[PDB]
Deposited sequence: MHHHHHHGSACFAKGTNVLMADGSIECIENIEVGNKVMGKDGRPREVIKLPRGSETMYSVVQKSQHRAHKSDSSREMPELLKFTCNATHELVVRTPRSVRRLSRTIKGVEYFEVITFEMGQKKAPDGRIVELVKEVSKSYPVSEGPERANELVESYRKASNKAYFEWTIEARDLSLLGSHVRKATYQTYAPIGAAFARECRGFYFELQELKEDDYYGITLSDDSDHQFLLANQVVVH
């Protein structure tokens, strides 16, 4: 399930690093919460690869994964207000980000975050548009979507959602717990190379840390 280029350094549960190709079944990687995760399988093969590079003093965070590797991403639950006039009628347009789906060029249905819009005439007063904003802000307990997307499918996102989408890394903070910090990034499609993967047990979530503290699965 998590698949990387040779040499990708992974953070092990004991705090040391290991190159991906040297991880064995039974080894324990560092989970995103600082607790161990057990490796149960070593999937390997060849696949088109993608380079992930942070887009900004500290060194930029990077990794290289295969095309079908799923990025662990977040996107804010953005709500925006716009004033537009169509055919002589002024509107309060409310644009929100929502989980939906899109068919990729190959026909696969991909679940992703997309923009949705509703318009309310200004003549009717601001209340109904304000109520939609309030209902949207309260429909979820978190202020972002926490989701995943194959590297090759990131290009399916619309411009606003794409720009707003980030990955995370998990440094150790004060009080000895892991914190979670976001970073914006860029992807570049490479050519095929060998990949080295690990599959984690179903005893806990499948999210772990690279040596650069980036959260992956």
Non-modelled portions of the deposited polymer sequence, in sequence order: 1 to 8, 65 to 76
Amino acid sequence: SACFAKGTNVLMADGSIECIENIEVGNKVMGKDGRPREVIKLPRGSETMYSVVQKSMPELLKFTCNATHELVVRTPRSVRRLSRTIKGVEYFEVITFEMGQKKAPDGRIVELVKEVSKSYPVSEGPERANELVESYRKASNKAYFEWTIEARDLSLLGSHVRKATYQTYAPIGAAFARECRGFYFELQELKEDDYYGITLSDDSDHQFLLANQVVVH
From here on, numbers count along this sequence of modelled residues.
Between 26 to 34 and 172 to 180 (mean CA B-factor, as deposited), the higher: 172 to 180
Stretch with the higher entry mean CA B-factor, where the candidates are 65 to 73 and 43 to 51: 43 to 51
Highest-ranked of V89, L112, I95, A139 once sorted by CA temperature factor in the record: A139
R108 - which third its CA temperature factor falls in, relative to the rest of the chain: middle
Third of the chain, ranked by Cα B-factor, where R162 sits: lowest
Ranked against its chain, the third holding the CA B-factor of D194: highest
Third assignment of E186 from its chain's C-alpha B-factors: middle
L60, C-alpha B-factor rank within chain (lowest, middle or highest third): middle
